[PDB]
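Basis: the model, the stated rules and, where named, an outside source; no laboratory instrument gave them. When we count neighbours, we look across all protein chains shown, and the Cβ atoms used for this are built from the backbone with ideal geometry, even at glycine.
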Ligand SMILES: N#Cc1c(N)ncnc1-c1cnn(Cc2cccc(F)c2)c1
């Protein structure tokens, strides 16, 4: 007899996730089956996507030695049946207002900042880099949230200091790079490049830094197939390239430059689910058929 989701108070919504209050010290972190492409939440859900990404996140939390916000098992009785397998019970933290990003490779807004200025978030880089260039060491490229529907804004280290304090800023930088390095090496051993990743942290009652997000999902991180890694061109999205190709192809009737995109073919949604499962099983060495559900 699990509680109903309606027993809990909705406190936040993101593009493809939701957050509920369970009691004064706990929340329910819910992944949905919604998928985003080209900054649009698409009309068509991906079956099992919320469960697969939750499974991925749980695997990576277990791999990392840093404190995290998980407060119970994936089958915790406080989790409603409706969201079983795609929701986790978590401890309430005081969240730090920094999107902590690590980049092991140069792409997206990092590449654009470099092409415009020669630097990214305060880091002056070597000349001659380009799309999907490897960065060593990985860069800490923090960002801040903007208005609803707007992209996060890249900021430099001084901005992080101004937001959270000098010592805490150093801690965020160091932990973000350490965590990314560990996860990226694990994934690469399994044939997947984690090109970059985005974390949020919070602080507990005792002042301790706690990892408090989904971690190393394909929504929070760029997944690439290592076997096809080719510096100098845009890498395929391991999980979303079918979706991107169909939307921008001749069958969609949609022009990306002009705006809400049409629904996806059922076949594209099913193929996409397969890509998520493939990524999960390769990285975790586990079978998704063993992951809990309703
Ligand atoms: N995680 C976490 C968390 C925590 N453990 N304690 C306090 N606050 C948060 C918290 C508040 N906003 N978010 C972002 C977010 C996440 C998931 C779904 C959403 F809609 C929005 C995270």
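Of the numbered criteria (1) in a helix (DSSP H, G or I); (2) out of contact with any helix residue (DSSP H, G or I) (no Cβ under 6 Å at 6 or more places or on another chain), the one residue 258 fails is (1).
One residue is enough: does the stretch 113-128 have a residue meeting the conditions within 15 Å of the ligand (Cβ to nearest atom), outside the structural domain of residue 22 (by CATH) and either closer than 24 Å to residue 24 by Cα or in contact with a strand residue (DSSP E or B) (Cβ under 6 Å, 6 or more places away or on another chain) (or both)? No - not one qualifying residue is present in the stretch 113-128. For beta carbons closer than 7 Å, sequence separation of 6+ or different chains, a first residue in the stretch 1-25 that is farther than 25 Å from residue 39 by Cβ and a second that is within 9 Å of the ligand (Cβ to nearest atom) and assigned to a loop (DSSP other than H, G, I, E, B), the qualifying pairs are 25/92. Of all residues in the stretch 63-104, those satisfying the criterion of being within 13 Å of the ligand (Cβ to nearest atom), under 16 Å from residue 206 (Cβ atoms) and either in contact with a helix residue (DSSP H, G or I) (Cβ under 8 Å, 6 or more places away or on another chain) or not in a strand (DSSP E or B) (or both) are 67, 68, 69, 71, 92, 93, 96. Every residue in the stretch 175-205 that is within 18 Å of residue 95 (Cα to Cα) and exposed (fewer than 15 other Cβ atoms within 10 Å of the Cβ), please. Once the filter is applied, which keeps residues that are within 18 Å of residue 95 (Cα to Cα) and exposed (fewer than 15 other Cβ atoms within 10 Å of the Cβ), the stretch 175-205 yields only 205. Among the residues of the stretch 138-169, those identified as exposed (fewer than 14 other Cβ atoms within 10 Å of the Cβ) and over 27 Å from residue 229 (Cβ atoms) are 145, 146, 147, 148, 149, 150, 153, 158, 162, 165, 166, 167.
Contact annotation: residue pairs with Cβ atoms under 6 Å, 6 or more positions apart or on different chains, pairing a residue in the stretch 77-96 that is closer than 27 Å to residue 144 by Cβ with a partner that is away from the ligand (no atom under 15 Å from the Cβ), are 96/164. Does residue 147 qualify as being out of contact with any helix residue (DSSP H, G or I) (no Cβ under 9 Å at 6 or more places or on another chain) and under 23 Å from residue 236 (Cα atoms)? The answer is no for residue 147.
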